[PDB]
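In the block that follows, a single chain appears as structure tokens, in the form deposited in one PDB entry.
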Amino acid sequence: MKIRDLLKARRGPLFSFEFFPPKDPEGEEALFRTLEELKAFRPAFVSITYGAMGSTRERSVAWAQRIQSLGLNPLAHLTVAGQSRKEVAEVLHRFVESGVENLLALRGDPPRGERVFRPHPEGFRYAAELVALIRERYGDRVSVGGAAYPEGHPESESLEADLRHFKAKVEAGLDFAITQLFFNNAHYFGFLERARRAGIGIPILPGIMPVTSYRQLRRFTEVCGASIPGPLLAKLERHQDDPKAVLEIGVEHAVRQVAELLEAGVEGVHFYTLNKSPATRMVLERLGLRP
């Protein structure tokens, strides 16, 4: 089921989960359990993450298929970094032909260290280019999506620039967008108004991550340039050594974030689960989104 159509016909908002393809049998088993626990909430879509450089190629496809057989609806991430144009098309073809209908077109970061983006000698440079390619080969047979950044991409010269670019990418052929994570809703509302004023009208879904680790939260935000509210930061720091206390703080945080997000009429919420179920499960249950 195309997400363009899922969004149009919405009786209500769409809740989606994000997962990454496990590196080892353990993780594979942790994911199987996670999907079981979560498929109960009846998500509109389910994302399968993609290793930049295309290292995890056959995993991402396998799991795209693993979710299909659970009767859920997959969203295939696809990046352009470290890959030829053929190589990017080949795996797109591999998705479509696995029956996948929904694609997040992403560029991907540069590797560890390495501060600037240099493409493959025959690869793409921007996500807008993969979106363009998708529409050119598949038109509307697939629903394409992209990344938005409420607090701006950490590489961008300005916020002016970051948004003009977001717009170019939408004009390339996006049907929706999902945001990078954010912990205070002003950041989303902020961006949404600024986008709509730029005459960008596609559905823009907030991405939410329920905090489960002080160390991870710090390390994640350092990479993607998101900011942690000072009260949350201190709360977490005071309790960082007690994993079940942290889980409760991250949940209470998400619950109250998501509750206003719903009250404000967002089209849906995309959940960064990190392949675990307790946090997202608890958030949804407290919101009354009843199994």
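Between two forms, the rigid core is the largest collection of C-alphas that superpose within 1.5 Å. Residue positions are given as counts along the sequence shown, with the first one as 1.
A fit on the rigid core, followed by a root mean square over CA positions in 4 other deposited structures of this protein, ranks 260 to 268 against 244 to 252 and picks 244 to 252 as the more shifted one. Between 178 to 186 and 212 to 220, the larger root mean square Cα shift in 4 other deposited structures of this protein, once each structure is superposed on the rigid core, falls on 212 to 220. Of the other structures of this protein that model both sides of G113, a third or more give it no coordinates. Between 164 to 172 and 181 to 189, it is 164 to 172 that carries the larger average Cα temperature factor according to the deposited entry. For the segment pair 93 to 101 and 201 to 209, the entry gives 93 to 101 the higher mean B-factor, averaged over Cα atoms. Highest C-alpha temperature factor among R33, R66, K235, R256, as the PDB entry reports it: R33. The residue among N73, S143, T79, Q216 whose C-alpha atom has the highest B-factor in the PDB entry is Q216. Among all modelled residues in this chain, the alpha-carbon of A195 has a temperature factor (C-alpha) in the middle third. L130: CA B factor in the middle third of modelled residues in this chain (values from the PDB entry).
Split the chain's modelled residues into thirds by C-alpha temperature factor. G230 is in the lowest one. In the PDB entry, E260 places in the lowest third of its chain by CA B-factor. In this PDB entry, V46 carries a Cα temperature factor that places it within the lowest third of its chain's modelled residues.
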